[PDB]
$ cat run.pdb   # PDB, C-alpha atoms
ATOM      1  CA  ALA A1091     -13.147   2.718  -2.149  1.00  0.00           C
ATOM      2  CA  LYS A1092     -15.884   0.198  -1.244  1.00  0.00           C
ATOM      3  CA  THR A1093     -13.754  -2.677  -2.672  1.00  0.00           C
ATOM      4  CA  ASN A1094      -9.988  -2.006  -2.715  1.00  0.00           C
ATOM      5  CA  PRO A1095      -8.488  -0.134   0.281  1.00  0.00           C
ATOM      6  CA  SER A1096      -6.910   2.910  -1.286  1.00  0.00           C
ATOM      7  CA  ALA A1097      -4.467   3.467  -4.116  1.00  0.00           C
ATOM      8  CA  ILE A1098      -4.201   6.636  -6.041  1.00  0.00           C
ATOM      9  CA  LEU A1099      -7.680   7.921  -5.276  1.00  0.00           C
ATOM     10  CA  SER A1100      -9.513  10.786  -6.948  1.00  0.00           C
ATOM     11  CA  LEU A1101     -12.173  13.121  -5.443  1.00  0.00           C
ATOM     12  CA  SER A1102     -15.041  15.216  -6.429  1.00  0.00           C
ATOM     13  CA  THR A1103     -13.532  18.249  -4.867  1.00  0.00           C
ATOM     14  CA  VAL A1104     -16.957  18.892  -3.465  1.00  0.00           C
ATOM     15  CA  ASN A1105     -15.630  21.195  -0.841  1.00  0.00           C
ATOM     16  CA  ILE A1106     -12.677  23.196   0.429  1.00  0.00           C
ATOM     17  CA  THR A1107     -13.439  24.361   3.935  1.00  0.00           C
ATOM     18  CA  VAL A1108     -13.138  28.051   4.572  1.00  0.00           C
ATOM     19  CA  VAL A1109     -14.736  28.701   7.911  1.00  0.00           C
ATOM     20  CA  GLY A1110     -14.121  32.063   9.670  1.00  0.00           C
ATOM     21  CA  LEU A1111     -15.793  33.989  12.499  1.00  0.00           C
ATOM     22  CA  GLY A1112     -19.199  33.508  10.928  1.00  0.00           C
ATOM     23  CA  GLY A1113     -20.480  31.218   8.040  1.00  0.00           C
ATOM     24  CA  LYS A1114     -18.084  29.721   5.470  1.00  0.00           C
ATOM     25  CA  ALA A1115     -17.219  30.010   1.818  1.00  0.00           C
ATOM     26  CA  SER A1116     -15.874  27.468  -0.612  1.00  0.00           C
ATOM     27  CA  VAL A1117     -14.210  27.173  -4.097  1.00  0.00           C
ATOM     28  CA  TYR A1118     -14.807  23.552  -5.073  1.00  0.00           C
ATOM     29  CA  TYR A1119     -14.246  21.598  -8.280  1.00  0.00           C
ATOM     30  CA  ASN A1120     -17.237  19.480  -8.374  1.00  0.00           C
ATOM     31  CA  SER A1121     -16.355  16.452 -10.547  1.00  0.00           C
ATOM     32  CA  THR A1122     -20.037  15.615 -10.903  1.00  0.00           C
ATOM     33  CA  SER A1123     -20.999  18.719 -12.721  1.00  0.00           C
ATOM     34  CA  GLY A1124     -17.563  18.816 -14.566  1.00  0.00           C
ATOM     35  CA  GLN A1125     -17.050  22.455 -13.662  1.00  0.00           C
ATOM     36  CA  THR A1126     -15.797  24.819 -11.003  1.00  0.00           C
ATOM     37  CA  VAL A1127     -18.658  25.432  -8.607  1.00  0.00           C
ATOM     38  CA  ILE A1128     -17.850  28.478  -6.388  1.00  0.00           C
ATOM     39  CA  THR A1129     -20.106  29.192  -3.443  1.00  0.00           C
ATOM     40  CA  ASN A1130     -20.048  31.953  -0.970  1.00  0.00           C
ATOM     41  CA  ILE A1131     -21.200  32.847   2.538  1.00  0.00           C
ATOM     42  CA  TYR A1132     -24.634  34.054   1.220  1.00  0.00           C
ATOM     43  CA  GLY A1133     -25.061  30.376   0.426  1.00  0.00           C
ATOM     44  CA  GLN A1134     -25.291  30.408  -3.324  1.00  0.00           C
ATOM     45  CA  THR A1135     -23.353  29.181  -6.384  1.00  0.00           C
ATOM     46  CA  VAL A1136     -21.965  32.440  -7.685  1.00  0.00           C
ATOM     47  CA  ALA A1137     -19.988  31.248 -10.593  1.00  0.00           C
ATOM     48  CA  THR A1138     -19.755  28.049 -12.528  1.00  0.00           C
ATOM     49  CA  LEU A1139     -16.810  27.850 -14.802  1.00  0.00           C
ATOM     50  CA  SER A1140     -16.713  25.310 -17.736  1.00  0.00           C
ATOM     51  CA  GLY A1141     -14.487  22.222 -17.816  1.00  0.00           C
TER      52      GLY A1141
ATOM     53  CA  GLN B 837      25.780  -3.452 -14.471  1.00  0.00           C
ATOM     54  CA  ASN B 838      23.791  -3.385 -11.300  1.00  0.00           C
ATOM     55  CA  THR B 839      25.110  -0.283  -9.647  1.00  0.00           C
ATOM     56  CA  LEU B 840      24.098   3.331  -9.984  1.00  0.00           C
ATOM     57  CA  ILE B 841      25.244   6.605  -8.634  1.00  0.00           C
ATOM     58  CA  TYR B 842      23.262   9.811  -8.608  1.00  0.00           C
ATOM     59  CA  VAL B 843      25.197  13.109  -8.480  1.00  0.00           C
ATOM     60  CA  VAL B 844      23.728  16.441  -7.577  1.00  0.00           C
ATOM     61  CA  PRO B 845      24.811  20.023  -6.716  1.00  0.00           C
ATOM     62  CA  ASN B 846      26.553  21.140  -3.609  1.00  0.00           C
ATOM     63  CA  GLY B 847      23.178  22.497  -2.068  1.00  0.00           C
ATOM     64  CA  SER B 848      20.360  20.410  -3.821  1.00  0.00           C
ATOM     65  CA  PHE B 849      21.804  17.228  -2.171  1.00  0.00           C
ATOM     66  CA  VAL B 850      18.751  17.463   0.061  1.00  0.00           C
ATOM     67  CA  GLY B 851      15.606  17.323  -2.045  1.00  0.00           C
ATOM     68  CA  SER B 852      17.437  15.198  -4.533  1.00  0.00           C
ATOM     69  CA  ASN B 853      15.199  12.488  -5.778  1.00  0.00           C
ATOM     70  CA  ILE B 854      14.791  10.102  -8.541  1.00  0.00           C
ATOM     71  CA  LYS B 855      11.522   8.653 -10.018  1.00  0.00           C
ATOM     72  CA  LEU B 856      11.146   4.931 -10.870  1.00  0.00           C
ATOM     73  CA  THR B 857       8.227   3.784 -12.873  1.00  0.00           C
ATOM     74  CA  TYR B 858       8.462   0.144 -13.688  1.00  0.00           C
ATOM     75  CA  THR B 859       6.698  -0.309 -17.021  1.00  0.00           C
ATOM     76  CA  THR B 860       4.504  -3.146 -18.137  1.00  0.00           C
ATOM     77  CA  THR B 861       5.767  -5.830 -20.444  1.00  0.00           C
ATOM     78  CA  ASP B 862       2.375  -7.261 -20.882  1.00  0.00           C
ATOM     79  CA  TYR B 863      -0.116  -4.986 -22.905  1.00  0.00           C
ATOM     80  CA  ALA B 864      -3.073  -6.576 -21.152  1.00  0.00           C
ATOM     81  CA  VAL B 865      -2.319  -5.326 -17.613  1.00  0.00           C
ATOM     82  CA  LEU B 866      -4.453  -2.489 -18.854  1.00  0.00           C
ATOM     83  CA  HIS B 867      -7.968  -4.056 -19.049  1.00  0.00           C
ATOM     84  CA  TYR B 868     -10.113  -3.004 -16.109  1.00  0.00           C
ATOM     85  CA  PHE B 869      -7.429  -2.503 -13.379  1.00  0.00           C
ATOM     86  CA  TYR B 870      -6.007   0.576 -15.057  1.00  0.00           C
ATOM     87  CA  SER B 871      -8.417   2.414 -12.704  1.00  0.00           C
ATOM     88  CA  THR B 872      -6.256   1.229  -9.801  1.00  0.00           C
ATOM     89  CA  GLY B 873      -3.398   3.652 -10.924  1.00  0.00           C
ATOM     90  CA  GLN B 874      -0.887   0.813 -10.525  1.00  0.00           C
ATOM     91  CA  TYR B 875      -1.173  -0.613 -14.170  1.00  0.00           C
ATOM     92  CA  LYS B 876       2.342   0.635 -14.359  1.00  0.00           C
ATOM     93  CA  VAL B 877       3.804   1.037 -11.008  1.00  0.00           C
ATOM     94  CA  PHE B 878       5.196   4.036  -9.264  1.00  0.00           C
ATOM     95  CA  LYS B 879       7.956   4.524  -6.701  1.00  0.00           C
ATOM     96  CA  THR B 880      10.767   7.041  -5.981  1.00  0.00           C
ATOM     97  CA  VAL B 881      14.213   7.438  -4.318  1.00  0.00           C
ATOM     98  CA  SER B 882      14.608  10.348  -1.807  1.00  0.00           C
ATOM     99  CA  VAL B 883      16.768  12.084   0.714  1.00  0.00           C
ATOM    100  CA  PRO B 884      14.898  13.261   3.886  1.00  0.00           C
ATOM    101  CA  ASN B 885      15.263  16.758   5.260  1.00  0.00           C
ATOM    102  CA  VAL B 886      16.967  16.638   8.592  1.00  0.00           C
ATOM    103  CA  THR B 887      17.943  19.518  10.862  1.00  0.00           C
TER     104      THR B 887
ATOM    105  CA  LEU C 227      -7.723  -6.521  -5.273  1.00  0.00           C
ATOM    106  CA  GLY C 228     -10.864  -6.556  -3.086  1.00  0.00           C
ATOM    107  CA  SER C 229     -13.265  -8.008  -5.500  1.00  0.00           C
ATOM    108  CA  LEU C 230     -12.961 -11.601  -4.437  1.00  0.00           C
ATOM    109  CA  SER C 231     -14.020 -12.646  -0.952  1.00  0.00           C
ATOM    110  CA  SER C 232     -14.170 -16.400  -0.301  1.00  0.00           C
ATOM    111  CA  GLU C 233     -15.522 -17.920  -3.459  1.00  0.00           C
ATOM    112  CA  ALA C 234     -12.006 -17.800  -4.857  1.00  0.00           C
ATOM    113  CA  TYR C 235      -9.797 -20.644  -3.896  1.00  0.00           C
ATOM    114  CA  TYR C 236      -9.946 -22.518  -7.305  1.00  0.00           C
ATOM    115  CA  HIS C 237      -8.867 -20.180 -10.158  1.00  0.00           C
ATOM    116  CA  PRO C 238      -5.958 -20.680 -12.742  1.00  0.00           C
ATOM    117  CA  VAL C 239      -5.273 -17.456 -14.556  1.00  0.00           C
ATOM    118  CA  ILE C 240      -2.798 -15.676 -16.637  1.00  0.00           C
ATOM    119  CA  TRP C 241      -3.059 -12.450 -18.665  1.00  0.00           C
ATOM    120  CA  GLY C 242      -1.822 -11.565 -22.169  1.00  0.00           C
ATOM    121  CA  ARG C 243       1.896 -11.506 -23.012  1.00  0.00           C
ATOM    122  CA  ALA C 244       2.697 -12.169 -19.381  1.00  0.00           C
ATOM    123  CA  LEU C 245       4.169 -15.629 -18.973  1.00  0.00           C
ATOM    124  CA  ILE C 246       2.285 -18.785 -18.180  1.00  0.00           C
ATOM    125  CA  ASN C 247       5.041 -21.322 -17.324  1.00  0.00           C
ATOM    126  CA  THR C 248       4.018 -24.724 -18.720  1.00  0.00           C
ATOM    127  CA  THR C 249       4.681 -28.250 -18.006  1.00  0.00           C
ATOM    128  CA  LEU C 250       5.581 -29.793 -21.236  1.00  0.00           C
ATOM    129  CA  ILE C 251       6.082 -33.294 -19.876  1.00  0.00           C
ATOM    130  CA  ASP C 252       8.044 -35.324 -22.364  1.00  0.00           C
ATOM    131  CA  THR C 253      10.413 -38.437 -22.266  1.00  0.00           C
ATOM    132  CA  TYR C 254      10.257 -39.748 -25.766  1.00  0.00           C
ATOM    133  CA  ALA C 255      13.129 -38.042 -27.550  1.00  0.00           C
ATOM    134  CA  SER C 256      16.902 -37.902 -28.107  1.00  0.00           C
ATOM    135  CA  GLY C 257      19.425 -35.009 -28.857  1.00  0.00           C
ATOM    136  CA  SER C 258      17.812 -31.544 -29.127  1.00  0.00           C
ATOM    137  CA  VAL C 259      14.011 -31.797 -28.382  1.00  0.00           C
ATOM    138  CA  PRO C 260      11.910 -29.363 -30.464  1.00  0.00           C
ATOM    139  CA  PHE C 261       8.307 -28.708 -29.481  1.00  0.00           C
ATOM    140  CA  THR C 262       5.569 -26.847 -31.233  1.00  0.00           C
ATOM    141  CA  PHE C 263       2.552 -25.490 -29.301  1.00  0.00           C
ATOM    142  CA  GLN C 264      -1.141 -25.350 -30.169  1.00  0.00           C
ATOM    143  CA  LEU C 265      -3.319 -23.018 -28.023  1.00  0.00           C
ATOM    144  CA  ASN C 266      -7.040 -22.987 -28.151  1.00  0.00           C
ATOM    145  CA  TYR C 267      -8.776 -19.840 -27.170  1.00  0.00           C
ATOM    146  CA  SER C 268     -12.380 -19.108 -26.926  1.00  0.00           C
ATOM    147  CA  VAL C 269     -14.388 -16.103 -25.649  1.00  0.00           C
ATOM    148  CA  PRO C 270     -16.897 -16.077 -22.742  1.00  0.00           C
ATOM    149  CA  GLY C 271     -19.802 -13.781 -23.545  1.00  0.00           C
ATOM    150  CA  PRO C 272     -22.172 -13.637 -26.674  1.00  0.00           C
ATOM    151  CA  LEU C 273     -20.561 -13.442 -30.124  1.00  0.00           C
ATOM    152  CA  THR C 274     -22.032 -11.355 -32.875  1.00  0.00           C
ATOM    153  CA  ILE C 275     -19.607 -10.948 -35.720  1.00  0.00           C
ATOM    154  CA  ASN C 276     -19.287  -7.752 -37.888  1.00  0.00           C
ATOM    155  CA  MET C 277     -18.156  -8.693 -41.576  1.00  0.00           C
TER     156      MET C 277
END
$ encode --input "run.pdb" --output "structure tokens"
Amino acid sequence: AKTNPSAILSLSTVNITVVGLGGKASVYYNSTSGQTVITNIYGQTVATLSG
Amino acid sequence: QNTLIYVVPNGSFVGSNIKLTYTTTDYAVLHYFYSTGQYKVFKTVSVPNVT
Amino acid sequence: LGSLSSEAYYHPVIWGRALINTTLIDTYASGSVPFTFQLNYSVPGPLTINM
């Protein structure tokens, strides 16, 4: 990113926004743990699913 | 020799497509600019949806 | 590329099997002119050898 403009670019899927009336939740493949981090409206990582 | 025709069904004439990937003829395009995701190069033929 | 700002304005390059076109200047022959090539390669960076 910081060099070349864009090409096929990859992401830590560090979030997926799911806002509602109150708070938010997210189901986000965090490519810096290497696993599916799933968070909730309580705030916390509730599951963490390998690979 | 330098012509082509693509044929498709009577309904899937829209959403008909063709994928071109021009392929390297030098090994060493791979090196350190494989991470560009244009080592081998990527384009397509398409028919737009119109109303 | 985006790796090279303004210091680059001097560089001859080729890569691998991809073609460098050459200028084999020659005047001193008759009929078919055969040519042999010698290339001389060398490797930037320290060289430890495993044997």
$ resolve_selection --input "run.pdb" --expression "the ChimeraX specification (/C :<8) & /A" --output "list in words"
residues 1093, 1094 and 1095 of chain A
$ atom_distance --input "run.pdb" --atom1 "atom CA of residue B:852" --atom2 "atom CA of residue B:883"
6.1 Å
$ atom_distance --input "run.pdb" --atom1 "atom CA of residue A:1115" --atom2 "atom CA of residue A:1101"
19.1 Å
$ axis_aligned_box --input "run.pdb" --around "stretch 1124-1127 of chain A" --padding-each-side "4 Å" --output "AutoDock Vina command-line options"
--center_x -17.2 --center_y 22.1 --center_z -11.6 --size_x 10.9 --size_y 14.6 --size_z 14.0
$ interface_residues --input "run.pdb" --of "chain B" --to "chain C" --cutoff "9 Å" --atoms "only C-alpha atoms" --output "JSON list (two decimals) with C-alpha atoms, in the coordinates of the input"
[["chain", "number", "residue", "atom", "x", "y", "z"],
["B", 861, "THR", "CA", 5.77, -5.83, -20.44],
["B", 862, "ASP", "CA", 2.38, -7.26, -20.88],
["B", 863, "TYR", "CA", -0.12, -4.99, -22.90],
["B", 864, "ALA", "CA", -3.07, -6.58, -21.15],
["B", 865, "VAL", "CA", -2.32, -5.33, -17.61]]
$ resolve_selection --input "run.pdb" --expression "the ChimeraX specification (/B :<9) & /A" --output "PyMOL selection string"
chain A and resi 1094+1096-1099
$ residues_around --input "run.pdb" --residues "stretch 1125-1127 of chain A" --least-positions-apart "5" --cutoff "12 Å" --atoms "all atoms listed in the file" --output "list in words"
residues 1102, 1103, 1104, 1105, 1106, 1115, 1116, 1117, 1118, 1119, 1120, 1134, 1135, 1136, 1137, 1138, 1139, 1140 and 1141 of chain A
$ atom_distance --input "run.pdb" --atom1 "atom CA of residue B:858" --atom2 "atom CA of residue B:875"
9.7 Å
$ residues_around --input "run.pdb" --residues "residue B:885" --least-positions-apart "2" --cutoff "10 Å" --atoms "only C-alpha atoms" --output "PDB file with C-alpha atoms, keeping the file's coordinate frame"
ATOM      1  CA  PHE B 849      21.804  17.228  -2.171  1.00  0.00           C
ATOM      2  CA  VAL B 850      18.751  17.463   0.061  1.00  0.00           C
ATOM      3  CA  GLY B 851      15.606  17.323  -2.045  1.00  0.00           C
ATOM      4  CA  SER B 882      14.608  10.348  -1.807  1.00  0.00           C
ATOM      5  CA  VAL B 883      16.768  12.084   0.714  1.00  0.00           C
ATOM      6  CA  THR B 887      17.943  19.518  10.862  1.00  0.00           C
TER       7      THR B 887
END
$ closest_residue --input "run.pdb" --among "B:859, B:866, B:847, B:837" --to "residue B:878" --atoms "only C-alpha atoms"
B:859
$ residues_around --input "run.pdb" --residues "residue B:842" --least-positions-apart "2" --cutoff "9 Å" --atoms "all atoms listed in the file" --output "number ranges by chain"
B: 840, 844, 852-854
$ residues_near_point --input "run.pdb" --point "(10.0, 6.2, -8.0)" --cutoff "6 Å" --atoms "only C-alpha atoms" --output "PDB file with C-alpha atoms, keeping the file's coordinate frame"
ATOM      1  CA  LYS B 855      11.522   8.653 -10.018  1.00  0.00           C
ATOM      2  CA  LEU B 856      11.146   4.931 -10.870  1.00  0.00           C
ATOM      3  CA  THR B 857       8.227   3.784 -12.873  1.00  0.00           C
ATOM      4  CA  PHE B 878       5.196   4.036  -9.264  1.00  0.00           C
ATOM      5  CA  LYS B 879       7.956   4.524  -6.701  1.00  0.00           C
ATOM      6  CA  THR B 880      10.767   7.041  -5.981  1.00  0.00           C
ATOM      7  CA  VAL B 881      14.213   7.438  -4.318  1.00  0.00           C
TER       8      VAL B 881
END
